[PDB]
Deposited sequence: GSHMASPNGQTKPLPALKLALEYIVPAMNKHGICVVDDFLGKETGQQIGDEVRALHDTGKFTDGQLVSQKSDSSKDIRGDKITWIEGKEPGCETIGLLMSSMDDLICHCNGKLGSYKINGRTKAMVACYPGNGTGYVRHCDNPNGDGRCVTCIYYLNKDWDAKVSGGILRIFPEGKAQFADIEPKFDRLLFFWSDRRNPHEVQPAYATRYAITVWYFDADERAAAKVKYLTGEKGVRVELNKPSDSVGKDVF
C-alpha cells in the first residue's frame, strides 16, 4: 500500500463522504508486534494512571514518541503525521495545524469501558480521532470491548472491533458519538487527536 496515495485515494473520500475510515493492516505483523511489545513494556513500569475527562474504565499514559525504547511508537506517529499533513486542505474544510501527544490506553478487562460520549463536544479544537488497535486475535463475541459509533444522519450502527494492526479515523466533533462496550479482556490502544488551527484559536477565546 503506497503510503501517501492511500490517503488521497481512500482516507480522504471515505472521511468526507461517510465520516469514518478504517485501514486494516496498516504496518504489518512484525511492526505491529514491536509496537505491542513496547506498549506492554511500558505497562510493566506501573506509570499508568486513571483516565481523565475533559465512566471511563481505562488506565493510560502519554507518549511523545521521543522516549528511548519507544522508537516504534514514534515510527507510527511519524507515519500518521505524514499522512495527515499530506491530506491537509482536502479533509472536509479542516486545516490541521497540530495534534496531541499519543494516548496509550489499556482496559483491564473486568467489563470496564467508556460510556457514550463525544471527543470534542465543546469545540476544543480536536477535529479528527486516530486510534491504532494492536490486540491480536481478539474474539469480540466473548471479549466485548467493541467501539460502537452512532453516526449522525445515518440509520445504521458503526461497530469497530479492536483488531490488531487496525487504524481508525473519524470526526472528533458531535458527528460521531461513540462508546466502548464492556471489555472482558485486556484491550490496548494508541490514540492521537488532530487540531484545527482556527477552532484551536477559538478555544483560547
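**Q** So which bits of the deposited sequence did not make it into the model?
**A** Seq positions lacking coordinates: 1-13, 68-76, 228-252.
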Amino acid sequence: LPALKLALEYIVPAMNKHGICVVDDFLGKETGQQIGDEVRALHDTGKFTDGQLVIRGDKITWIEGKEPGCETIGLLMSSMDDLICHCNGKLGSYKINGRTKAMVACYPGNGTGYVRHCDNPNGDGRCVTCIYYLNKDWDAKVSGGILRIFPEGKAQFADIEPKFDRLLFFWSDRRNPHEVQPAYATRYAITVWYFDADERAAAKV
From here on, numbers count along this sequence of modelled residues.
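**Q** Please compare 39-47 with 56-64 and name the stretch with the higher mean C-alpha B-factor in the deposited structure.
**A** Averaged over C-alpha atoms, the B-factors run higher in 39-47.
**Q** Which has the higher mean CA temperature factor in the PDB entry, 113-121 or 81-89?
**A** Stretch with the greater average CA B-factor: 81-89.
**Q** Among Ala140, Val180, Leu27, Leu167, which residue carries the highest C-alpha B-factor recorded in the PDB entry?
**A** It is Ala140.
**Q** Name the third of the chain's ranked CA B-factors that contains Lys136, choosing lowest, middle or highest.
**A** CA B-factor rank for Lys136: middle third.
**Q** Once the chain's modelled residues are ordered by C-alpha B factor and cut into thirds, is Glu152 in the lowest, middle or highest one?
**A** For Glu152, the deposited C-alpha B-factor lands in the highest third.
**Q** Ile11's Cα B-factor: lowest, middle or highest third of the chain?
**A** It belongs to the middle third of the chain when residues are ordered by C-alpha B-factor.
**Q** Going by the recorded CA B-factors, say which third of the chain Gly69 sits in, lowest, middle or highest.
**A** Top third by C-alpha B-factor.
**Q** Lowest, middle or highest third: which one holds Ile20 when the chain's residues are ordered by CA B-factor from the entry?
**A** Middle third by C-alpha B-factor.
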